[PDB]
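got the complex split up, this is the first portion:
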Amino acid sequence: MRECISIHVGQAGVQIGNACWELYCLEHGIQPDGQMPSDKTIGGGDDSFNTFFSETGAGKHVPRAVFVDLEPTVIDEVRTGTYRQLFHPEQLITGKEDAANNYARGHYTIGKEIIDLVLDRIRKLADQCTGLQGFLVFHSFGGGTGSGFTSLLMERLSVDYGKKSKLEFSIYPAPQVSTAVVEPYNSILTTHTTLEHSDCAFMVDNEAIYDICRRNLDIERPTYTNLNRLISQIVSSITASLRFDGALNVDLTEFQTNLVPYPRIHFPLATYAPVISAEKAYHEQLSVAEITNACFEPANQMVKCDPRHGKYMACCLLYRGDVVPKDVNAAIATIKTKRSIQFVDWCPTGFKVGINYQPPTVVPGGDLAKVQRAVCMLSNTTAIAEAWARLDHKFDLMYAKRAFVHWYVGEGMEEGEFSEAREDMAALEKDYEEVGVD
């Protein structure tokens, strides 16, 4: 067994981390004080959940997590909320003065003063690992901490652990729920610094999670709590193969093998189905076919785009609940004829499939209902370039006038980094268009 360290950066990172770990605990039977009656082997184990938990002499299970925010409010909620005892205080790191939505304040100004402390705590966590796999890193694109300090951290992790895979969970900015006008700046900036340091990032446009929570959870104005519960449903679908018995995606290296042939194009599209209101009085349970079919409906994607006008490079289907290979192959056969699924010529048309018999776990008092079967499709499709297009466009709109640039220079950056990141994004957009369009 090999271990995975989670790192949550900035407000969105820390909150989504909360949600995920709460979910992990419910799924694994781990109580809020760290006691897992399921675990007969006390003080240690060579089990699959040990990928994400370490065991104490007192039989306590503690996440391989680090929360880091340059500002104390959200990690103080963690330090006082329901899952106090779960975490070692040395793992919850705060500053006193945030990065004021300013990438340059997080990367240079405030980052330089806290990166060494963050890396020492991360190494004190790696030091309880027989064979560390790598890192899951949760952050936002739009935040000052979430972009600046995250990319500095990714740099340093590459240089200290050059042989460990690194996975990102990025929160793409959406105007309905975004805080700041310079989120398109930070986004581009941090992507340019992190592209060569990340092995597979899973973008999540807030806009999508928002419309899903409106249409399907029947929530009027969704909050961060709703978004984060749904996002953790997805994250757990994507990380279950690490914490459970199985032969698909059983280590971080398999993710870049099954989903990333070209290393620059490492942003897979996650599509999750079915999302059903816990308040639905009467609900008819969807078949394998109905949820596999829903996987190809853009209204169910973490990023609104149209895969019909891109080409696919790799597809993986992750089922939780009552599913059997027969019905998956049947559904696929039907869907290939009913849908438009074009692969790149240099890649076989087909699906790597994973079934876990344990149906989705839902938070008591959440908004999602229990279902008999659910699925998450990870697909590396070029159509995701749309989300960069939009982003790049907004970027240009401001930079054309050098608007807000002085806030970044004030912290020590150089206009050159703006242009150089933008050019990198231009390369990335063009690469997507090479691989995909005709």
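Yep, that arrived. Numbering: from 1, shown residues only, chains lettered A, B, ... in the order given.

can we go C-alpha only for contacts and neighbour counts from here?
OK.

Now do the contacts for residue A:350.
Residue A:350 makes contacts with A:314, A:315, as judged by CA atoms under 8 Å, 6 or more residues apart in numbering.

Regarding the residue most central in space within chain A, what is its secondary structure?
Relative to the mean C-alpha position of chain A, the nearest C-alpha, by CA atoms, centre = their mean, is the one of residue A:169, at 2.4 Å. Secondary structure state of residue A:169, per DSSP: H, G, I helix; E, B strand; the rest coil, is strand.

Could you give the bridge partners of it?
Beta bridges link residue A:169 to residue A:138, residue A:202, judged by DSSP bridges.

Isn't it up against residue A:201?
Yes - using CA atoms under 8 Å, residue A:169 and residue A:201 qualify as a contacting pair, with a distance of 5.7 Å.

Please report how far residue A:413 lies from residue A:407.
9 Å (CA to CA, to the nearest Å).

who's more crowded, the two?
Between residue A:413 and residue A:407, residue A:413 has the larger neighbour count (other CA atoms under 10 Å), namely 19 against 16.

which one is the more buried one nearest to, not counting chain neighbours?
With CA to CA, 6 or more residues apart in numbering as the criterion, residue A:413 has its nearest non-adjacent residue at 6.4 Å, and that residue is residue A:104.

Give me the distance between residue A:156 and residue A:123.
Counting by CA to CA, the gap from residue A:156 to residue A:123 is 12 Å.

add chain B to the structure above:
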Amino acid sequence: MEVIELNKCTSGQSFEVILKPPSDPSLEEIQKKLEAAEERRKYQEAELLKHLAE
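Chain B, in position alongside the others:
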């Protein structure tokens, strides 16, 4: 359309189905860049102090 590498366990199954075959910087470098931004930032602060001195 054929299955490949079916693996079964108590927790679930996993397999592949195929339909059609086909046709870094150092520590000193990042330390140097952080310190270059801190220098530019110090220079700006000094200019501000000079203008306020005047």
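
again for the contacts of residue A:350, chain B present now?
A:314, A:315, B:16, B:17, B:18, B:19, B:20 (CA atoms under 8 Å, 6 or more residues apart in numbering or on different chains).

Most neighbours among those residues, which one?
In terms of neighbours by other CA atoms under 10 Å in any protein chain shown, these top out with residue A:314 at 23 neighbours.

For the host helix or strand of that one, name the packing helices and strands.
If you go by DSSP states H and E, residue A:314 is part of strand A:312-321. Counting contacts by 3 or more CA pairs under 8 Å, 6 or more residues apart in numbering or on different chains; DSSP states H and E, strand A:312-321 is packed against helix A:224-243, helix A:252-259, strand A:349-356, strand A:373-381.

what's the angle between that strand and strand A:373-381?
Counting by axes from the mean of the first three to the mean of the last three CA atoms, to 10 degrees, strand A:312-321 lies at 170 degrees to strand A:373-381.

And the next helix or strand past strand A:312-321?
helix A:325-338.

tally of neighbours for residue B:49?
Residue B:49 has 11 neighbours, counted by other CA under 10 Å.

for it, helix, strand, or coil?
helix.

Contact partners for residue A:67?
So, once contact is read as CA under 8 Å, 6+ apart, residue A:67 ends up touching A:7, A:8, A:9, A:13, A:14, A:17, A:75, A:91, A:92, A:93.

6 Å instead?
A:7, A:8, A:14, A:92 (CA atoms under 6 Å, 6 or more residues apart in numbering or on different chains).

Next one: the third one relative to residue A:24, how far apart?
Distance from residue A:14 to residue A:24, counting by CA to CA: 15 Å.

now for chain C, put it on the one above:
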Amino acid sequence: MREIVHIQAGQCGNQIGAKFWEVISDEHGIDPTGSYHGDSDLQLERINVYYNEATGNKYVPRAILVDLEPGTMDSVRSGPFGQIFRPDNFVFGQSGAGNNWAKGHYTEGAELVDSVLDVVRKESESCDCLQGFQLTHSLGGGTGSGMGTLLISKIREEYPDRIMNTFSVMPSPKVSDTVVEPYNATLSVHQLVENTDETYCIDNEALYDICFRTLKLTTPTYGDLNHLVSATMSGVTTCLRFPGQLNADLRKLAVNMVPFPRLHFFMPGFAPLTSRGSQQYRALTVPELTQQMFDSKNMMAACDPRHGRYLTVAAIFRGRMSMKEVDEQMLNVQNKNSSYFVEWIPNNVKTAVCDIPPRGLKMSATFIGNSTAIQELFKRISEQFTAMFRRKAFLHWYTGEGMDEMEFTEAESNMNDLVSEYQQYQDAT
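If we add chain C to the chains shown above, we get the following:
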């Protein structure tokens, strides 16, 4: 980023300042004696941003009160909440400032400024993490205008990496103490465009019209004007004094409002509009609040938004209401009048909601606009300036204190450059 240090300077400065401390003391459940007597714990969760906790578990405003004559400070101290303030923070001269910028910035005020800074320091050193400072003053007098800009300059020197925020009252002929106010205002605008992160332009002409045309007050007092200003100050600082999802601070506000560093002069707005006398009992619908808060007749800087374009907007709703209906109405405002928002700053209107309504209202909306229309204000002043200066009229009052006409040429020229910039982005792309 918790503690803010408040400073009020001069007559007008201390009079709006004292009203603001009343309004928010009432909002936090502090009585004039200094003791909390409210109900919700929401009234203490961010009490530190403006109040030190003192002996006896009382609360003392983190406010320094500055004048060059004792008059207005004596009357503040004998006022309603006068006993709230720390007596050490009452820093006054005796000679006054004669509505003379030069007296305040160069001569009489220079005797006093080091004392004021000593108290500032004693107040900062008692802070956990100081966000920055905020000043309420006028630009037409002498203590407020001249010494406020002096203080701003020295505070920037002592704390160069902190936010400097002002509530600045622009002078109008419709409400005028002396003929030399355009000189003091032009000198102060020079300083402010140099040394302030965020300035709330509060035009006295606008408050006069609002009291007269709107509130139907046939002969408005300075108190009728200060009521508006204290209500608006309370409304802008709501996101700071109360628990929110945003966790907003001064620095983020400056980062997101100020696309270019000299263009940090904001139009405030209130809605609904309320007089001391009439206490109207009709709750407003959310569409009503939004139509009103974006109405020019609800803006405290006597500019016409339609004569320009909005660089950035920040809106603050207060009270129990539908956030869905809010977002709806706010998007409705943006899309029905898109020509008036700049296309090169995507999604440049941002909104905050607080669940607590202010005293007397159940629904409140407060508006913070960085519009290019503000150039109008600065042109207005500049015209009034030149009508005198082309004849060096009243300049002896300033030359007698050592100032040279070159300083006036420079200050005017800096303000005309400010006007140029605003105009430039008013027609960009």
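
Once more for the contacts of residue A:67, now including chain C?
A:7, A:8, A:14, A:92 are the contacts of residue A:67 under CA under 6 Å, 6+ apart.

Make sure I have this right: it is in a helix.
No - counting by three-state DSSP, residue A:67 is not found in a helix; it is strand.

hang on, the earlier thing: in the strand holding residue A:314, what counts as buried?
Buried residues in strand A:312-321, counted by 16 or more other CA atoms under 10 Å in any protein chain shown: A:312, A:313, A:314, A:315, A:316, A:317, A:318, A:319, A:320, A:321.

how far does it sit from the chain's center?
16 Å (CA atoms, centre = their mean, to the nearest Å).

got a list of contacts for that strand?
A:259, A:343-344, A:351-360, A:372-381.

Could you find the closest non-adjacent residue to residue 49?
Let's take chain A. Nearest residue to residue A:49, sequence neighbours excluded (CA to CA, 6 or more residues apart in numbering or on different chains): residue A:243, at 4.5 Å.

please go with chain B instead
Closest to residue B:49 by CA to CA, 6+ apart is residue C:157, at 6.8 Å.

Tell me how many other residues crowd the one you found.
15.

What helix or strand is it located in?
Short version: residue C:157 belongs to helix C:148-158, going by DSSP H and E.

For chain A, see how far away the residue nearest to residue B:49 is.
Using CA to the nearest CA, to the nearest Å, we find residue C:157 at a distance of 17 Å from chain A.

Now do the helices in the stretch 151-300 of chain C.
Using DSSP state H, counting those that start in this stretch, the helices of the stretch 151-300 of chain C run over residues C:181-195, C:204-209, C:222-236, C:238-241, C:250-257, C:286-293.
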